[PDB]
Structure formats: C-alpha cells, structure tokens
Amino acid sequence: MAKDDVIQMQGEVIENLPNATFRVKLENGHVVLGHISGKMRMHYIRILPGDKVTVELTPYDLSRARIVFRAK
C-alpha cells in the first residue's frame with residue numbers, strides 16, 4: 001500500500017522535558033524528540049522514563065518526530 005513518508009516506530013522513553021515534549025529511543029538506540037497531544041493525552045496521563053511508546057518519524061529529519069500513544 002502506498003502512502004506518505006510517515007512510519008510508526010516502537011521505542012521507549014529515555015528523558016522527560018517540559019513544553020509537552022518527550023524523548024524516546026527506537027530499536028537502533030537513537031532518541032527522537034517530539035510532542036504528545038490528543039484526547040487520552042489530555043487526561044493527565046502518567047509519563048516516565050522506561051515506558052514503551054510509538055513515534056512517527058517525519059521526512060523533515062530524523063531528529064524530530066511526533067509522539068504517539070503507548071506501544072500496543
């Protein structure tokens with residue numbers, strides 16, 4: 001199936017920063033920085049270092065992605 005250049009990766013949080021920003025490391029070890037938003041995200045969720053979450057990398061670069069809900 002064809003589509004944009006968006007790909008969901010499975011990584012774990014490594015650090016936590018303000019501005020609704022968070023860092024997660026993929027399988028290669030590289031950490032990506034992004035922001036978390038949405039419905040379940042506005043429910044005052046609990047985030048901590050070591051949690052499995054999904055992140056969608058953008059074509060802009062490999063140093064900025066979108067924070068997605070936890071890894072199913």
# chains A, B, ... in the order shown; residues from 1 in each chain; ligands from 1

call {"tool": "select_by_dssp", "arguments": {"residues": "chain A", "states": "strand (DSSP E or B)", "output": "VMD selection string"}}
result
chain A and resid 7 to 17 21 to 25 31 to 36 52 to 58 61 to 70

call {"tool": "residues_around", "arguments": {"residues": "stretch 21-37 of chain A", "least_positions_apart": "5", "cutoff": "8 Å", "atoms": "only C-alpha atoms", "output": "list in words"}}
result
residues 9, 10, 11, 12, 13, 14, 15, 16, 42, 53, 55, 62, 63, 64, 65, 66, 67 and 68 of chain A

call {"tool": "closest_residue", "arguments": {"among": "A:43, A:8, A:49, A:59", "to": "residue A:71", "atoms": "only C-alpha atoms"}}
result
A:8

call {"tool": "closest_residue", "arguments": {"among": "A:48, A:6, A:40, A:57", "to": "residue A:69", "atoms": "only C-alpha atoms"}}
result
A:40

call {"tool": "residues_around", "arguments": {"residues": "residue A:5", "least_positions_apart": "2", "cutoff": "10 Å", "atoms": "only C-alpha atoms", "output": "PyMOL selection string"}}
result
chain A and resi 2-3+7+56-60

call {"tool": "write_last_selection", "arguments": {"atoms": "N, CA, C and O atoms", "output": "compact mmCIF listing (two decimals), in the first residue's frame"}}
result
# COMPACT_ATOMS: atom_id res chain seq x y z
N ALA A 2 0.50 2.22 -0.84
CA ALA A 2 1.24 3.47 -0.93
C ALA A 2 0.73 4.49 0.09
O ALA A 2 -0.41 4.43 0.52
N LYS A 3 1.60 5.42 0.46
CA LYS A 3 1.24 6.45 1.43
C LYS A 3 2.39 7.44 1.63
O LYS A 3 3.42 7.35 0.96
N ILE A 7 6.26 6.82 9.21
CA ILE A 7 6.43 5.46 9.70
C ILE A 7 6.41 5.42 11.23
O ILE A 7 7.15 6.15 11.88
N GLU A 56 6.07 8.58 15.31
CA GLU A 56 6.06 8.67 13.86
C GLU A 56 7.12 9.65 13.36
O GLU A 56 7.03 10.85 13.63
N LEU A 57 8.11 9.14 12.65
CA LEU A 57 9.18 9.98 12.12
C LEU A 57 8.71 10.76 10.89
O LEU A 57 7.96 10.24 10.06
N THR A 58 9.15 12.01 10.79
CA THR A 58 8.77 12.86 9.66
C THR A 58 9.91 12.97 8.65
O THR A 58 11.08 12.72 8.96
N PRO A 59 9.56 13.34 7.41
CA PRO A 59 10.54 13.49 6.33
C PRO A 59 11.46 14.69 6.54
O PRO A 59 12.52 14.78 5.92
N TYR A 60 11.04 15.60 7.41
CA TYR A 60 11.83 16.79 7.70
C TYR A 60 13.23 16.42 8.17
O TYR A 60 14.22 17.03 7.75

call {"tool": "atom_distance", "arguments": {"atom1": "atom CA of residue A:18", "atom2": "atom CA of residue A:41"}}
result
14.4 Å

call {"tool": "decode", "arguments": {"residues": "chain A", "atoms": "C-alpha atoms", "output": "short mmCIF file (atom, residue, chain, number, x, y, z; two decimals), in the first residue's frame"}}
result
data_model
loop_
_atom_site.label_atom_id
_atom_site.label_comp_id
_atom_site.auth_asym_id
_atom_site.auth_seq_id
_atom_site.Cartn_x
_atom_site.Cartn_y
_atom_site.Cartn_z
CA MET A 1 0.00 0.00 0.00
CA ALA A 2 1.24 3.47 -0.93
CA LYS A 3 1.24 6.45 1.43
CA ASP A 4 3.23 9.38 2.83
CA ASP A 5 6.74 9.03 4.25
CA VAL A 6 5.38 8.56 7.77
CA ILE A 7 6.43 5.46 9.70
CA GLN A 8 5.44 4.43 13.23
CA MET A 9 8.37 3.15 15.28
CA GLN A 10 8.37 1.35 18.64
CA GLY A 11 10.67 2.90 21.22
CA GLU A 12 10.99 3.60 24.94
CA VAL A 13 11.13 6.97 26.71
CA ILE A 14 14.61 7.98 27.84
CA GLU A 15 14.07 11.53 29.09
CA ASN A 16 11.22 13.88 30.01
CA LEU A 17 11.10 17.60 29.23
CA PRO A 18 8.53 20.42 29.51
CA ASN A 19 6.59 22.05 26.68
CA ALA A 20 4.68 18.80 26.17
CA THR A 21 7.92 17.41 24.74
CA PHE A 22 9.42 13.95 25.24
CA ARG A 23 12.32 11.83 24.02
CA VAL A 24 12.12 8.16 23.03
CA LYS A 25 14.76 5.71 21.80
CA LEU A 26 13.93 3.37 18.92
CA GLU A 27 15.48 -0.04 18.28
CA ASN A 28 18.69 1.39 16.82
CA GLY A 29 19.29 3.30 20.04
CA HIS A 30 18.74 6.74 18.53
CA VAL A 31 16.49 9.04 20.56
CA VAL A 32 13.83 11.15 18.85
CA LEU A 33 12.29 14.34 20.23
CA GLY A 34 8.62 15.16 19.74
CA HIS A 35 5.39 16.40 21.30
CA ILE A 36 2.43 14.46 22.69
CA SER A 37 -1.15 15.57 22.08
CA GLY A 38 -4.66 14.18 21.67
CA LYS A 39 -7.64 13.03 23.72
CA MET A 40 -6.16 10.37 26.00
CA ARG A 41 -3.19 12.74 26.28
CA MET A 42 -5.39 15.46 27.78
CA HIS A 43 -6.46 13.04 30.52
CA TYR A 44 -3.42 13.90 32.64
CA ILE A 45 -1.62 10.67 31.74
CA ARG A 46 1.44 9.48 33.67
CA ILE A 47 4.71 9.55 31.73
CA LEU A 48 8.05 8.19 32.94
CA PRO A 49 11.47 7.06 31.63
CA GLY A 50 11.31 3.43 30.55
CA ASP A 51 7.82 3.29 29.06
CA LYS A 52 7.19 1.76 25.64
CA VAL A 53 5.62 4.25 23.24
CA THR A 54 5.16 4.71 19.49
CA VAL A 55 6.60 7.60 17.47
CA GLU A 56 6.06 8.67 13.86
CA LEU A 57 9.18 9.98 12.12
CA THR A 58 8.77 12.86 9.66
CA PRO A 59 10.54 13.49 6.33
CA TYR A 60 11.83 16.79 7.70
CA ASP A 61 14.59 14.97 9.56
CA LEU A 62 15.46 12.08 11.88
CA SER A 63 15.80 14.43 14.85
CA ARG A 64 12.12 15.35 15.15
CA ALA A 65 9.06 13.09 15.27
CA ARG A 66 5.51 13.01 16.62
CA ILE A 67 4.75 11.40 19.99
CA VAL A 68 2.14 8.65 19.69
CA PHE A 69 0.18 6.70 22.29
CA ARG A 70 1.92 3.89 24.17
CA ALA A 71 3.07 0.87 22.18
CA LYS A 72 0.25 -1.66 21.81
#
